[PDB]
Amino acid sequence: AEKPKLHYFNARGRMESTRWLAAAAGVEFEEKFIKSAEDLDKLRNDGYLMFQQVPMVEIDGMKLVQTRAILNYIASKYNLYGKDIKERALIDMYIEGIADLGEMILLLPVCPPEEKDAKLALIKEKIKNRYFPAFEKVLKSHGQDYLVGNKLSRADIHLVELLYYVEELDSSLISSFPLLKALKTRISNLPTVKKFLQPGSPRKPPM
């Protein structure tokens, strides 16, 4: 078959969690960077973007836009979405929480300086009182190596992706959560993830 093709800017943005997930799944893919406005216009004009926006991933005859659509399909194809419907609910619950926190951090740079030193305080407070304790609690509930069904899933990947960004913001934030640390160590040590974390992978830098 043809290798999936990822169309985005040569940046993290809204395409990174897809890069992490496909790499974690050991899926080989090609990137096509948008590097000019005219490049993006090429895409619209050719009819490649349903809602005129990227990320778009070409995969299995499809031109999938919308991060959640692209990720849902990849997680499913490569068996990282639970073994049943109830497992998918826990997974969706977890990863939607991660997306919410993700979202905040993603857009934190593109706001005013006036709204900034409170939005940061508000992010850090939610990490430490809402988000991190909830994932710790889940890992403590079962004592197992993965978040769901004692098997690696997209929740592990997306959370560990998130714990990497949380590190860049403030490395002290995980410090009271030992099981999250252990998870971040365990997942970074999986062969595919470890390859992704190595220099030269498709992992992107911060802005």
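We number the residues from 1 along the sequence you see.
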Would you determine, from the values in the PDB entry, which of 15-23 and 185-193 has the greater average C-alpha temperature factor? 185-193
Mean Cα B-factor check, 114-122 vs 91-99, entry values; winner is 114-122
Which is it among 134, 75, 85, 106: the one with the largest CA B-factor in the entry? 106
Listed options 156, 38, 60, 145: highest C-alpha B factor recorded at 38
What third of its chain's C-alpha B-factors does residue 42 belong to: lowest, middle or highest? highest
Taking the values exactly as deposited, rank residue 169 by C-alpha B-factor within its chain and report the matching third: lowest, middle or highest. highest
For residue 56, the third of its chain by CA B-factor is the lowest
Ordered by C-alpha B-factor within the chain, which third holds residue 70? Give me lowest, middle or highest, please. lowest
When the modelled residues of the chain are sorted by Cα temperature factor, does residue 162 land in the lowest, middle or highest third? middle
